[PDB]
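*Asks:* Protein chains in written order, with the deposited numbering: chain AW, 1 to 10; chain AH, 2 to 138; chain AL, 5 to 126. A virtual CB, placed ideally from N, CA and C, is assigned to each residue, including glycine. One structure coming up, written as structure tokens, with questions to follow.
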Amino acid sequence: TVXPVXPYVX
Amino acid sequence: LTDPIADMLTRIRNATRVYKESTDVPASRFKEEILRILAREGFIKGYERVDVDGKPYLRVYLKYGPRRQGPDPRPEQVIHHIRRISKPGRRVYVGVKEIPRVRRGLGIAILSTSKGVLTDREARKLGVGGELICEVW
Amino acid sequence: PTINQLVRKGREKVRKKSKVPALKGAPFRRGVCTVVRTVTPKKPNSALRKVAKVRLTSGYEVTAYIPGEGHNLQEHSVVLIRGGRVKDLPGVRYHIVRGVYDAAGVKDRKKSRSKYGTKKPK
RNA sequence: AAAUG
RNA sequence: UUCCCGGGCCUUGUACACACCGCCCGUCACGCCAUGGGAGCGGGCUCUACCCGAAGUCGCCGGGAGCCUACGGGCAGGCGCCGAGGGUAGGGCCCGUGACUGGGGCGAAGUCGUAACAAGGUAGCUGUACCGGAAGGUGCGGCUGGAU
RNA sequence: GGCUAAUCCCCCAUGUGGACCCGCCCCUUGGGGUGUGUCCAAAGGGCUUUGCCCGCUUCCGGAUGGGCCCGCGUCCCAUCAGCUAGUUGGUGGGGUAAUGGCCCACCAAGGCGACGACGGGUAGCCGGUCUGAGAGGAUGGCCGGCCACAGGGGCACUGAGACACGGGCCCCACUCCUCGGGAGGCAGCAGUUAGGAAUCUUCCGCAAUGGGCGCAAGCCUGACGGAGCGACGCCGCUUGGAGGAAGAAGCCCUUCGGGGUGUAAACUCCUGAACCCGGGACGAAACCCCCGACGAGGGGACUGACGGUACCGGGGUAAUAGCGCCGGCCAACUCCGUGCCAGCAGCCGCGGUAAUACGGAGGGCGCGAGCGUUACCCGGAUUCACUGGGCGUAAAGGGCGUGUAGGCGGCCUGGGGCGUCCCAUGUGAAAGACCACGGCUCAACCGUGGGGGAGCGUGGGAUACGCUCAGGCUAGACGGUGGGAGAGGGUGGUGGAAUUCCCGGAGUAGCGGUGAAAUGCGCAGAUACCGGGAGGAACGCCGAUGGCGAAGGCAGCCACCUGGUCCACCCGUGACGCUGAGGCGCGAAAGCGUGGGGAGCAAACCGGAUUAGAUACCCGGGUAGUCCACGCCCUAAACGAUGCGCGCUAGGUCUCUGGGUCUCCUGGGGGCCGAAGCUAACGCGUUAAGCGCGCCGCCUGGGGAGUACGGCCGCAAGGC
Ligand SMILES: [Mg+2]
Ligand SMILES: [Mg+2]
Ligand SMILES: [Mg+2]
Ligand SMILES: [Mg+2]
Ligand SMILES: [Mg+2]
Ligand SMILES: [Mg+2]
Ligand SMILES: [Mg+2]
Ligand SMILES: [Mg+2]
Ligand SMILES: [Mg+2]
Ligand SMILES: [Mg+2]
Ligand SMILES: [Mg+2]
Ligand SMILES: [Mg+2]
Ligand SMILES: [Mg+2]
Ligand SMILES: [Mg+2]
Ligand SMILES: [Mg+2]
Ligand SMILES: [Mg+2]
Ligand SMILES: [Mg+2]
Ligand SMILES: [Mg+2]
Ligand SMILES: [Mg+2]
Ligand SMILES: [Mg+2]
Ligand SMILES: [Mg+2]
Ligand SMILES: [Mg+2]
Ligand SMILES: [Mg+2]
Ligand SMILES: [Mg+2]
Ligand SMILES: [Mg+2]
Ligand SMILES: [Mg+2]
Ligand SMILES: [Mg+2]
Ligand SMILES: [Mg+2]
Ligand SMILES: [Mg+2]
Ligand SMILES: [Mg+2]
Ligand SMILES: [Mg+2]
Ligand SMILES: [Mg+2]
Ligand SMILES: [Mg+2]
Ligand SMILES: [Mg+2]
Ligand SMILES: [Mg+2]
Ligand SMILES: [Mg+2]
Ligand SMILES: [Mg+2]
Ligand SMILES: [Mg+2]
Ligand SMILES: [Mg+2]
Ligand SMILES: [Mg+2]
Ligand SMILES: [Mg+2]
Ligand SMILES: [Mg+2]
Ligand SMILES: [Mg+2]
Ligand SMILES: [Mg+2]
Ligand SMILES: [Mg+2]
Ligand SMILES: [Mg+2]
Ligand SMILES: [Mg+2]
Ligand SMILES: [Mg+2]
Ligand SMILES: [Mg+2]
Ligand SMILES: [Mg+2]
Ligand SMILES: [Mg+2]
Ligand SMILES: [Mg+2]
Ligand SMILES: [Mg+2]
Ligand SMILES: [Mg+2]
Ligand SMILES: [Mg+2]
Ligand SMILES: [Mg+2]
Ligand SMILES: [Mg+2]
Ligand SMILES: [Mg+2]
Ligand SMILES: [Mg+2]
Ligand SMILES: [Mg+2]
Ligand SMILES: [Mg+2]
Ligand SMILES: [Mg+2]
Ligand SMILES: [Mg+2]
Ligand SMILES: [Mg+2]
Ligand SMILES: [Mg+2]
Ligand SMILES: [Mg+2]
Ligand SMILES: [Mg+2]
Ligand SMILES: [Mg+2]
Ligand SMILES: [Mg+2]
Ligand SMILES: [Mg+2]
Ligand SMILES: [Mg+2]
Ligand SMILES: [Mg+2]
Ligand SMILES: [Mg+2]
Ligand SMILES: [Mg+2]
Ligand SMILES: [Mg+2]
Ligand SMILES: [Mg+2]
Ligand SMILES: [Mg+2]
Ligand SMILES: [Mg+2]
Ligand SMILES: [Mg+2]
Ligand SMILES: [Mg+2]
Ligand SMILES: [Mg+2]
Ligand SMILES: [Mg+2]
Ligand SMILES: [Mg+2]
Ligand SMILES: [Mg+2]
Ligand SMILES: [Mg+2]
Ligand SMILES: [Mg+2]
Ligand SMILES: [Mg+2]
Ligand SMILES: [Mg+2]
Ligand SMILES: [Mg+2]
Ligand SMILES: [Mg+2]
Ligand SMILES: [Mg+2]
Ligand SMILES: [Mg+2]
Ligand SMILES: [Mg+2]
Ligand SMILES: [Mg+2]
Ligand SMILES: [Mg+2]
Ligand SMILES: [Mg+2]
Ligand SMILES: [Mg+2]
Ligand SMILES: [Mg+2]
Ligand SMILES: [Mg+2]
Ligand SMILES: [Mg+2]
Ligand SMILES: [Mg+2]
Ligand SMILES: [Mg+2]
Ligand SMILES: [Mg+2]
Ligand SMILES: [Mg+2]
Ligand SMILES: [Mg+2]
Ligand SMILES: [Mg+2]
Ligand SMILES: [Mg+2]
Ligand SMILES: [Mg+2]
Ligand SMILES: [Mg+2]
Ligand SMILES: [Mg+2]
Ligand SMILES: [Mg+2]
Ligand SMILES: [Mg+2]
Ligand SMILES: [Mg+2]
Ligand SMILES: [Mg+2]
Ligand SMILES: [Mg+2]
Ligand SMILES: [Mg+2]
Ligand SMILES: [Mg+2]
Ligand SMILES: [Mg+2]
Ligand SMILES: [Mg+2]
Ligand SMILES: [Mg+2]
Ligand SMILES: [Mg+2]
Ligand SMILES: [Mg+2]
Ligand SMILES: [Mg+2]
Ligand SMILES: [Mg+2]
Ligand SMILES: [Mg+2]
Ligand SMILES: [Mg+2]
Ligand SMILES: [Mg+2]
Ligand SMILES: [Mg+2]
Ligand SMILES: [Mg+2]
Ligand SMILES: [Mg+2]
Ligand SMILES: [Mg+2]
Ligand SMILES: [Mg+2]
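The following block contains the structure:
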């Protein structure tokens with residue numbers, strides 16, 4: 001879920 | 002032969018469609034009671050007990066309408082429709098309030114009751130229900 | 005079938021297969037765009053239609069359509085989606101709800117602007 | 001005998 | 001009037017109707033999607049045997065020994081069965097995930113041939129078997145949903 | 001460590017009664033009543049005070065709230081088919097209020113399951129709610145009934161009652177407070193936080209209703225009664241009403257004449273939502289006090305959170321409109337921009353320069369404090385079909401038998417009354433629903449009556465049909481006697497024709513083969529011909545549109561064993577039947593195992609031609625196999641693409657096999673054309689695909705795919 005860097009994980 | 006009653010009804014239905022004067026069915030007192038209603042309500046002229054090769058039958062005298070004009074002279078029927086309701090596969094019983102109206106009164110519904118074989122009209126009067134044998138019009 | 009067979013086996017109730025699987029019961033569902041690109045549709049159409057690969061709150065990732073003319077959607081844009089597919093673009097089984105989260109309304113839109121999330125103009 | 005649009 | 005090109009009428013087959021310059025099949029290359037398999041890896045539930053075992057009721061004891069008395073008794077206290085759970089070991093089902101792998105679907109103005117639909121140019125279809133880049137071919141038997 | 005009260009605790013007494021053992025009467029599960037032995041009660045406090053009031057004690061009945069047990073009902077998966085040691089039952093006992101394997105010791109070996117045990121998935125269930133012509137489907141939030149849980153688990157204590165949300169213990173996880181550990185349990189009412197697409201005020205009051213305790217004033221009450229936020233839903237109301245040009249401007253269209261918005265506006269008069277001012281509740285008469293008696297009855301008083309609210313009066317301002325759609329379904333049409341771009345999209349489909357389908361605009365349609373979208377339920381869907389569908393070719397008859405269970409079953413007489421049917425009676429709470437009345441200005445919302453039904457208990461009644469027991473019957477069925485046709489099946493034997501090889505003889509220049517050829521064979525003597533041998537496989541004519549078999553399928557001839565079947569006579573049995581999930585057997589070809597056998601033929605395979613190629617079609621070779629025995633496999637265009645039995649509905653013609661009187665009539669098979677009828681049509685039609693009943697199997701859009709997983713089977717291939 002981790003994205004290149006966003007305090008949004010999903 | 003699994004159902005004697007359906008047989009009859011159909012012997013009849015089969016007979017009228019070629020406009021046979023009569024047709025015989027194997028004899029039974031219960032078939033008679035049903036036959037009784039068929040004539041008294043005017044679906045037939047009537048019936049008489051007979052014998053074929055020592056075998057009791059009920060000969061049934063068929064009834065039809067006036068010859069017709071047009072490219073097809075074939076007359077209308079007295080019995081347009083006769084078909085089983087209650088069957089050996091599915092037994093069908095009604096209580097008095099559930100007894101149906103055939104073709105809005107125009108036709109009858111025969112049913113076996115503890116007060117005998119009666120019509121729909123006849124049952125509701127006598128106030129009883131039973132095995133809904135068939136419907137005719 | 006005979007009445008008896010019906011007593012034995014019975015009639016079999018049909019079931020309904022939802023056409024909106026990722027939604028997991030809900031009316032709408034929140035998410036973020038991982039990919040934002042254009043996809044050409046299947047015959048007999050030609051276009052560059054607007055889509056987003058979107059990551060669901062249910063830890064799902066669906067391909068979703070971007071309605072309107074033009075958009076403010078990019079990678080990392082938080083977005084809201086709704087059901088209904090786009091026939092010409094296979095795999096896109098959901099629509100982006102414009103005018104919610106980082107999904108802008110359509111600039112200059114005057115007709116049916118509730119569907120395209122545009123506030124009433126001057 | 002003898003292919004394809 | 002056999003042949004080639006065009007045409008008229010009758011009939012017959014058709015999966016053609018953008019009407020044979022029609023239709024259409026499988027591999028192979030590319031892209032996307034979902035699924036199976038996979039040395040395994042991670043979780044959930046669950047079952048069996050055994051070890052330890054709290055509180056607590058029940059049962060035994062209450063004596064080298066305390067307290068109470070209403071002492072042929074009671075209470076504390078000591079033992080025991082069961083017991084939440086913990087632990088060791090081995091099973092059963094479900095889910096997720098996995099280098100790689102299998103075919104599948106879609107995409108398309110790609111590559112190869114042209115198997116099928118007209119007797120489709122070797123009638124087709126079939127179960128099976130063997131072979132072949134691919135459609136497919138061939139054997140054996142069956143079907144007509146074929147021959148005109 | 002010690003003092004002391006009571007409705008606290010204990011003993012003695014008393015005994016209406018009750019408890020217990022035993023005997024006996026009534027009863028009939030442990031229900032009553034006796035007799036004897038023995039065992040059990042208690043608590044006092046108040047005022048005004050030779051009396052009433054609240055308390056206590058044993059027993060008996062009522063009433064209300066329960067516990068336990070039973071019948072029937074209650075989701076998906078059989079790709080879950082077997083499950084069970086306290087398991088099932090007996091004995092004795094423990095335990096409770098009480099029955100019970102609830103618990104214990106022992107004894108016996110039982111209990112459950114295709115009517116679906118066991119296992120897995122999912123769910124609190126009902127009144128009801130939603131949809132639907134109904135049948136049915138879906139659902140169980142709010143209100144009412146029951147159950148379950150109170151962080152996760154176990155436990156018991158006190159008690160009428162709990163194994164107890166804001167009681168107790170103990171283990172765990174987690175957090176908290178500052179070394180011994182003490183501490184917590186909002187799934188109460190608000191509130192925070194996290195999750196989410198999303199879900200309310202840390203509000204007011206005990207005034208009412210209602211609960212606990214109290215002789216009673218009253219205390220407590222986040223139950224509750226109100227208020228707060230949110231168009232979340234339904235319901236009611238507004239942004240005006242009458243007048244106002246052949247018709248402002250502006251914009252949109254235009255045939256350049258005009259047409260449109262549109263009486264719409266502007267403008268006139270009339271009204272007067274909001275707002276101001278005043279008055280202002282119903283909900284509240286009880287408990288209490290008073291006379292009588294602290295009863296009956298009559299009279300006093302008290303108190304309202306919402307609230308200065310509703311409502312009623314005086315005034316009083318023209319005072320918010322937005323949303324969807326306008327290709328067809330589907331109500332609403334025209335300019336411009338764009339040019340398979342931008343975009344629309346529920347489906348069919350729009351966009352490639354003149355788009356009613358994209359974006360704006362004018363205009364139009366539709367609803368309106370809403371309009372739309374998304375999600376889900378029922379509907380339309382007679383598309384799981386009970387109501388109310390189907391299976392020759394559209395999806396669908398099982399490859400064929402045989403048969404277990406089950407489902408169904410001729411004629412007649414009677415017994416029972418089980419299904420079935422009628423009547424009474426009980427139940428079917430309340431709310432909801434339905435009709436009528438009525439209350440808030442209607443309504444939404446709310447009262448009061450009326451109508452009930454299914455379903456189950458009970459009592460009576462009926463007996464045609466189904467059932468059951470009982471008695472008979474001969475039409476179904478099955479036997480007896482005599483007779484028939486047939487490639488039906490198994491074993492063995494055996495006859496000719498042909499192909500091939502081998503020996504012999506005779507003979508010579510080619511034979512073979514194709515579209516034409518070539519490969520191949522041939523002076524090492526082929527082909528063509530004659531004689532003789534060997535061996536395998538298939539049986540020409542008869543032969544048919546024929547015959548037989550359940551299907552697969554069966555063909556020279558003989559004999560032996562053996563099945564099905566038709567006829568006649570009308571002798572025997574007396575419904576002994578039809579169908580048939582599972583089960584069992586049979587099942588072409590190809591294929592597999594072990595031995596045989598191997599002439600012809602022939603996958604693979606080699607070669608010769610054709611062809612761009614030719615892993616084919618054609619030609620010359622050729623191995624498995626084709627054959628036999630035994631054992632497997634279990635497929636199919638295993639087709640009539642038509643399950644089986646029965647009854648019923650013109651005939652015409654051909655044929656096979658019987659019996660008769662022999663023109664012909666009658667049976668049983670096989671075809672054709674056709675009555676009625678069926679059919680989407682083609683076609684079917686006494687060999688139904690017609691009209692009907694019984695039972696079974698099967699279908700539910702195409703692809704994925706008869707694929708995967710599981711399971712069973714198999715040597716494998718592979719099958720279900
Ligand atoms: Mg297009
Ligand atoms: Mg709109
Ligand atoms: Mg090509
Ligand atoms: Mg071509
Ligand atoms: Mg020509
Ligand atoms: Mg001519
Ligand atoms: Mg022609
Ligand atoms: Mg045609
Ligand atoms: Mg994969
Ligand atoms: Mg996988
Ligand atoms: Mg151990
Ligand atoms: Mg232990
Ligand atoms: Mg002692
Ligand atoms: Mg244990
Ligand atoms: Mg354990
Ligand atoms: Mg532990
Ligand atoms: Mg997995
Ligand atoms: Mg795995
Ligand atoms: Mg071809
Ligand atoms: Mg071919
Ligand atoms: Mg060819
Ligand atoms: Mg061909
Ligand atoms: Mg063909
Ligand atoms: Mg083949
Ligand atoms: Mg190659
Ligand atoms: Mg080949
Ligand atoms: Mg063949
Ligand atoms: Mg054809
Ligand atoms: Mg004292
Ligand atoms: Mg005493
Ligand atoms: Mg035991
Ligand atoms: Mg006992
Ligand atoms: Mg007992
Ligand atoms: Mg037990
Ligand atoms: Mg034992
Ligand atoms: Mg649940
Ligand atoms: Mg319906
Ligand atoms: Mg339905
Ligand atoms: Mg409820
Ligand atoms: Mg709900
Ligand atoms: Mg509820
Ligand atoms: Mg607990
Ligand atoms: Mg909690
Ligand atoms: Mg706890
Ligand atoms: Mg618990
Ligand atoms: Mg409880
Ligand atoms: Mg409690
Ligand atoms: Mg507790
Ligand atoms: Mg609490
Ligand atoms: Mg707290
Ligand atoms: Mg709370
Ligand atoms: Mg809150
Ligand atoms: Mg959030
Ligand atoms: Mg509230
Ligand atoms: Mg109160
Ligand atoms: Mg009260
Ligand atoms: Mg409060
Ligand atoms: Mg409102
Ligand atoms: Mg006006
Ligand atoms: Mg004018
Ligand atoms: Mg005008
Ligand atoms: Mg104007
Ligand atoms: Mg004008
Ligand atoms: Mg009042
Ligand atoms: Mg007085
Ligand atoms: Mg005022
Ligand atoms: Mg006023
Ligand atoms: Mg105005
Ligand atoms: Mg609309
Ligand atoms: Mg409409
Ligand atoms: Mg229209
Ligand atoms: Mg195009
Ligand atoms: Mg453009
Ligand atoms: Mg639009
Ligand atoms: Mg179309
Ligand atoms: Mg055009
Ligand atoms: Mg245009
Ligand atoms: Mg438009
Ligand atoms: Mg449109
Ligand atoms: Mg309204
Ligand atoms: Mg639907
Ligand atoms: Mg039906
Ligand atoms: Mg159908
Ligand atoms: Mg069949
Ligand atoms: Mg079939
Ligand atoms: Mg039977
Ligand atoms: Mg029976
Ligand atoms: Mg009968
Ligand atoms: Mg009865
Ligand atoms: Mg009611
Ligand atoms: Mg009224
Ligand atoms: Mg009422
Ligand atoms: Mg009898
Ligand atoms: Mg005989
Ligand atoms: Mg040879
Ligand atoms: Mg020689
Ligand atoms: Mg020589
Ligand atoms: Mg014989
Ligand atoms: Mg006789
Ligand atoms: Mg007799
Ligand atoms: Mg049978
Ligand atoms: Mg076989
Ligand atoms: Mg074979
Ligand atoms: Mg094989
Ligand atoms: Mg092999
Ligand atoms: Mg072999
Ligand atoms: Mg061999
Ligand atoms: Mg070759
Ligand atoms: Mg070749
Ligand atoms: Mg050859
Ligand atoms: Mg050869
Ligand atoms: Mg050979
Ligand atoms: Mg055939
Ligand atoms: Mg078919
Ligand atoms: Mg069968
Ligand atoms: Mg036959
Ligand atoms: Mg015949
Ligand atoms: Mg005949
Ligand atoms: Mg015919
Ligand atoms: Mg006709
Ligand atoms: Mg005929
Ligand atoms: Mg005939
Ligand atoms: Mg049909
Ligand atoms: Mg369907
Ligand atoms: Mg599908
Ligand atoms: Mg499908
Ligand atoms: Mg297969
Ligand atoms: Mg398979
Ligand atoms: Mg498998
Ligand atoms: Mg093998
Ligand atoms: Mg089979
Ligand atoms: Mg099959």
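(1) Pop quiz: residue 100 of chain AH and residue 125 of chain AH are said to be a contact at Cβ under 8 Å. What is the actual Cβ separation, rounded to whole angstroms?
(2) Shortest alpha-carbon distance to residue 105 of chain AH belongs to which of AH:90, AH:65, AH:137, AH:118?
(3) Across which residues does DSSP place residue 57 of chain AL in a beta bridge pair?
(4) Mark residue 56 of chain AH as exposed unless 16 or more other C-beta atoms lie within 10 angstroms of its C-beta, in which case mark it buried.
(5) Quick one: which residues of the segment 71 to 91 of chain AL get their C-beta closer than 7 Å to a C-beta of chain AW? List them in chain order.
(6) Report the three-state DSSP secondary structure of residue 10 of chain AL (helix, strand or coil).
(7) Report back the beta-carbon spacing between residue 17 of chain AL and residue 39 of chain AL to the nearest angstrom; my notes put them in contact at under 8 Å.
(8) Going by DSSP in three states, residue 59 of chain AH sits in which element: helix, strand or coil?
(9) What did DSSP end up calling residue 31 of chain AL once you bin it into helix, strand or coil?
(10) Would you mind working out which of AH:3, AH:39, AH:62 sits nearest residue 20 of chain AH, comparing C-alpha positions?
(11) When the Cα atoms are used, what is the spatial distance from residue 74 of chain AL to residue 20 of chain AL?
(12) So, residue 96 of chain AL versus residue 102 of chain AL, is the Cβ gap smaller than 8 Å?
(13) Smallest Cα separation from residue 4 of chain AW: which of AL:30, AL:36, AL:114?
(14) Beta-carbon separation of residue 60 of chain AH and residue 8 of chain AH under 8 Å?
(15) Name the two residues that bound the continuous beta strand (DSSP E) containing residue 24 of chain AH.
*Replies:* So, from the listed chains and residues:
(1) 6 Å
(2) AH:137
(3) AL:39, AL:67
(4) exposed
(5) 80, 82
(6) In the displayed model, residue 10 of chain AL falls within a helix according to three-state DSSP.
(7) Contact doesn't hold; Cβ gap of about 41 Å is too wide.
(8) Looking at residue 59 of chain AH - three-state DSSP - the assignment turns out to be strand.
(9) coil
(10) AH:62
(11) 36 Å
(12) no
(13) Of all alpha-carbon atoms in AL:30, AL:36, AL:114, the one lying nearest the alpha-carbon of residue 4 of chain AW is that of AL:36.
(14) In this structure, residue 60 of chain AH keeps its C-beta atom at 8 Å or more from the C-beta atom of residue 8 of chain AH.
(15) 23 to 27
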